[PDB]
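Report on the following structure.
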Amino acid sequence: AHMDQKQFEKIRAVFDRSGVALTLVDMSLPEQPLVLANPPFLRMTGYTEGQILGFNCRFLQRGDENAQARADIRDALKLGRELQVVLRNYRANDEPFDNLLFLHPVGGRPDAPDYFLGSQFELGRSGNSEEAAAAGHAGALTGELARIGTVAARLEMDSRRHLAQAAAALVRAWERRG
Amino acid sequence: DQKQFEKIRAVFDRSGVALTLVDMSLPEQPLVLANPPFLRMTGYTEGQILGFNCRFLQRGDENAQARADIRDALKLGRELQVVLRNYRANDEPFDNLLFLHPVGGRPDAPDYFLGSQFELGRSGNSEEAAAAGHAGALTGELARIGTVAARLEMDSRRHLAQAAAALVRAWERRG
Ligand SMILES: Cc1cc2nc3c(=O)[nH]c(=O)nc-3n(C[C@H](O)[C@H](O)[C@H](O)COP(=O)(O)O)c2cc1C
Ligand SMILES: Cc1cc2nc3c(=O)[nH]c(=O)nc-3n(C[C@H](O)[C@H](O)[C@H](O)COP(=O)(O)O)c2cc1C
């Protein structure tokens, strides 16, 4: 199955002007390479676009440190459905950070998406309002998803509500984790 | 301008948050745009409310201080978030977390005002999150209209999200 070149260009434009970190991965092959990565993602990770395209995003990890998170990721990718998970990640300078990662299938068939979209949230970060910030990120993300087409327009409010909820919950878990 | 307005219209039709636009150049400050999530929330039809001031959502006098803050922010061309008691077309009550943002014109005399309505009391015990969610979505739309500079989008999102959460917490501490 194939997405039109015009849709792919729409996704590009969405990425280029987005105010949230966004990545796009090719699901057509098992290596699952990065194919799009926008400035807010580049600036969080300290990389340049030319450095990372063609690589799997696991480059952000070190050793094996996110075992259960990674198994949940693999399932959601094979299934072709959304997932939010928290990961220990590292910038290009090896400084660590915790990544609230949002995953969404793009294109293809219901159980065989053409791409996967990733949006990263840094649990650095703000202060005592991490829940609000994460929920805000999720609302902005849902707006971008709806522009792409992966989230049905009529369901935007419903996705955001649940997405904002799922995000705040994860932030809570992460905060009682030490 | 002319283009920017049809740009605003485009943003309104596509958006997933309730959005209204009001003309400040006209004495009664009439609604000139009301998008589908707004109509779906309020149950009014475009025909009944275009050309009218958004105060129709109110009944009686329950929002005295909120109204005064609103009038102040309108005169000054300032952003504002406030909670109002409002009513759907079938009379039913709901609490409305209203976001207001100046659009166009002068920094102190905008051509239009944008409003975005977030219904409180639908989200169970996840109201803070739902409201921050709405704020994040709203900031996205503000950036596409061009009223929020593209580079400031993330910083204004985080702050709007926090201000929405604060207002929710207050609203939960009331009897
Ligand atoms: C669209 C997309 C974005 C991703 N973004 C990240 C990320 O930002 N940080 C990270 O550690 N892993 C990210 N991943 C996950 C890795 O690419 C990989 O799928 C994960 O580590 C699990 O697979 P593995 O156990 O084979 O490594 C992303 C995956 C996809 C599909
Ligand atoms: C863009 C915009 C959106 C507004 N939305 C609402 C609303 O959703 N609910 C409400 O009760 N008032 C809303 N208002 C406020 C009324 O239009 C009016 O400004 C307010 O009641 C204060 O003025 P007043 O005391 O003269 O009525 C909105 C105003 C503007 C400019």
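Convention: sequence-line order gives letters A, B, ...; per-chain numbering from 1. Both backbone and side-chain heavy atoms feed into the values below; hydrogens, waters and symmetry mates do not. Just so you know, ligand 1 is whichever comes first in the structure, and atom 1 is the first atom listed for that ligand.
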Would you say A/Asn56's side chain and A/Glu31's backbone share a donor-acceptor pair under 3.5 angstrom?
yes
Check the orientation of B/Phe99 and B/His134. Use parallel for under 30°, tilted for 30 to 60°, and perpendicular for over 60°.
parallel
Do B/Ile8 and B/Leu21 have side chains that get closer than 4.5 Å, going by heavy atoms?
yes
Which of the numbered atoms in ligand 1 are under 4.0 angstrom from any heavy atom belonging to A/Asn99?
7 (C), 8 (O), 9 (N)
Could an N or O of ligand 2 be found under 3.5 Å from any N or O of B/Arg67, whether backbone or side chain?
yes
What part of B/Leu98, side chain, backbone, both or neither, has a heavy atom within less than 4.0 angstrom of ligand 2?
side chain
Nearest protein heavy atom with distance in Å, relative to atom 28 (C) of ligand 1:
A/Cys57 CB, 3.7 Å
Please report which non-hydrogen protein atom sits nearest to atom 1 (C) of ligand 1, along with the residue it belongs to and the distance in Å to one decimal place.
A/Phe116 O, 3.3 Å
If the cut-off is 4.0 Å to any non-hydrogen atom of B/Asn53, which atoms of ligand 2 fall inside it?
16 (C), 17 (O), 18 (C)
To atom 20 (C) of ligand 1, the nearest of A/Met27, A/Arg74, A/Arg88, A/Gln61 on a heavy-atom basis is A/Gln61
Under 3.5 Å between some N or O of ligand 1 and some N or O of A/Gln32?
no
Provide the number and element of each atom of ligand 2 under 4.0 Å from a heavy atom of B/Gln117.
5 (N), 7 (C), 8 (O)
B/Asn96 side chain reached by B/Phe118 side chain, heavy atoms, under 4.5 Å
no
Of A/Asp75, A/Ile73, A/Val86, A/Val106, which has the heavy atom at the shortest distance from atom 19 (O) of ligand 1?
A/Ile73
Is it true that the side chains of A/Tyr115 and A/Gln32 contain a donor and an acceptor less than 3.5 Å apart?
no
Taking 4.0 angstrom as the limit and counting only heavy atoms of B/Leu84, give me the atoms of ligand 2 inside it, by number and element.
9 (N), 10 (C), 11 (O), 12 (N)
For ligand 2, note which part of B/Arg55 has a heavy atom under 4.0 Å away: side chain, backbone, both or neither.
both
Contact partition for A/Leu103 relative to ligand 1, non-hydrogen atoms under 4.0 Å:
side chain
Neighbour count above 12 (heavy atom, 6.0 Å) for A/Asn128 CG
no
Which ligand 2 atoms, with their elements, are less than 4.0 angstrom from a heavy-atom of B/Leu74?
19 (O)
Which ligand 1 atoms does A/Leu60 reach within 4.0 Å, using its non-hydrogen atoms?
7 (C), 8 (O), 9 (N)
Expected output: side-chain B/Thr20 to main-chain B/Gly115 donor-acceptor under 3.5 Å
yes
Hey, what's the ring geometry for B/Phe56 with B/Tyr44, parallel, tilted or perpendicular (30° and 60° as the breaks)?
perpendicular
